[PDB]
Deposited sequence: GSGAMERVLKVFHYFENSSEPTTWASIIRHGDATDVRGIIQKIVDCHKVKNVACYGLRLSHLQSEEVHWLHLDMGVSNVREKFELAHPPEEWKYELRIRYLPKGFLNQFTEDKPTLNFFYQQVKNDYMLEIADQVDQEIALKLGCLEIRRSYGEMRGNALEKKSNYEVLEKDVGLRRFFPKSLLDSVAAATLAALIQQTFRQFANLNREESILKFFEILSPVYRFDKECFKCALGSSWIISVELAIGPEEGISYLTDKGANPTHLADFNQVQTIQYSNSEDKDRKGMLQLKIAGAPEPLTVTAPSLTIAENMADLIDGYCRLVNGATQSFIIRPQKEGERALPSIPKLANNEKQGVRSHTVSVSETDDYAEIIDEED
């Protein structure tokens, strides 16, 4: 047999970075299998929001693995390129329900998985470059949820304030001001249960960090190709941004998607074509991605919402078994 290490975001009260699961598969087991086996352990309801992303520790390229793919195969293919240690597999939420948050409230593990997941990308992307008042509050919402000076001393010596706050904040604020700041911030969130916390966490982040969509610089049209930035998400579905400051312009709700079809661009250039039949409209929507990988990642993303919006486990892509947890 063969084994696979999968990182995820289910809180197992250890070090945040090292939450993973180790699961055995076979020549037959697919991606849908692996994912499910994991989400079942944690009694997840919103099963269809999870996807499996393969990131290369050495570079930026990410490959989102489609559900009906063989683990042995996909695993094999990428090992011809690079050795097993250089790759990393992570379970993530990628396909958000129309009213996701409100919906996650009824599925705790997924609420928390999403909380941990986002918070992580936050500490990794915008924490250091956003308003102090925003950093504070967020940081404090973690401590609050996760849990006099006789308590603050333990935070810096024994716990480490770096876990909750960006070092851009920590070196720009004196220790006493922060102790004072916390108490007063932590004050107004002082009667919010873990749930109201988490929500409040997002309430505060969303107007500054966009985590309810994914954007893709790519081009539209078939005969006259125009460069844009697609915006796939649950509110807008499929849209293009004029200014990042202006709201996205709509193109299609996922329920209109009839088929998703992808190839390379017919020439030496390895740009990626992605063509979608959309109900009611005559001419298909033709996306040209910088590369086939970027195309795969969009097709995946789009397909995911269709499987979600409609209740179907089967895929919209036109295309030319035992998992054990240990």
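A.B. asks: Pop the missing stretches of the deposited sequence into a list, counting residues from 1 and keeping sequence order.
C.D. replies: In the chain as deposited, 1-5, 153-161, 335-367, 374-377 carry no coordinates.
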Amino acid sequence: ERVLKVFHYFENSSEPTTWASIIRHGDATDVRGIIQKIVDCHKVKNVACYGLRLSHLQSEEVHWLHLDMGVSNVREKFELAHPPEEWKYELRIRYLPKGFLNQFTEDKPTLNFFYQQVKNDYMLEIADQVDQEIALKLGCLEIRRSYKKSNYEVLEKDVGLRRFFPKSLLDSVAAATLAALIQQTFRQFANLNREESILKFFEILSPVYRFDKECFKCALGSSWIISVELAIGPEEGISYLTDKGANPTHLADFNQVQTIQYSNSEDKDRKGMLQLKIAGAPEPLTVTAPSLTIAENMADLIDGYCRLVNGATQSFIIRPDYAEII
From here on, numbers count along this sequence of modelled residues.
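A.B. asks: Mean C-alpha B factor from the entry: is it higher for 73-81 or for 232-240?
C.D. replies: Result: 73-81.
A.B. asks: 43-51 versus 258-266: which one carries the higher mean Cα B factor per the record?
C.D. replies: 258-266 has the higher mean C-alpha B-factor.
A.B. asks: Which of these, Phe211, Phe100, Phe113, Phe189, has its C-alpha atom at the highest B-factor, as the entry lists it?
C.D. replies: Checking the PDB record, the top C-alpha B-factor among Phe211, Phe100, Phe113, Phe189 is at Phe189.
A.B. asks: From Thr249, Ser222, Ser150, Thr177, which pick has the Cα B-factor that tops the rest in the entry?
C.D. replies: Each of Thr249, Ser222, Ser150, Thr177 was compared by C-alpha B-factor; the highest is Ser150.
A.B. asks: Grab the CA temperature factor for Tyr305 from the record and place it in the lowest, middle or highest third of its chain.
C.D. replies: Lowest third - that is where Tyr305 ends up once the chain's C-alpha B-factors are sorted.
A.B. asks: Split the chain's modelled residues into thirds by Cα B-factor; is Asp27 in the lowest, middle or highest one?
C.D. replies: CA B-factor rank for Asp27: highest third.
A.B. asks: Going by the CA temperature factor in the PDB record, which third of the chain does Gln117 belong to: lowest, middle or highest?
C.D. replies: Ranked within chain, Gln117 CA B lands in the lowest tercile.
A.B. asks: Test of reading the entry: by CA B factor among the chain's modelled residues, which third contains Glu283?
C.D. replies: Middle third - that is where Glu283 ends up once the chain's C-alpha B-factors are sorted.
A.B. asks: Once the chain's modelled residues are ordered by C-alpha B factor and cut into thirds, is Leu67 in the lowest, middle or highest one?
C.D. replies: For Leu67, the deposited C-alpha B-factor lands in the middle third.
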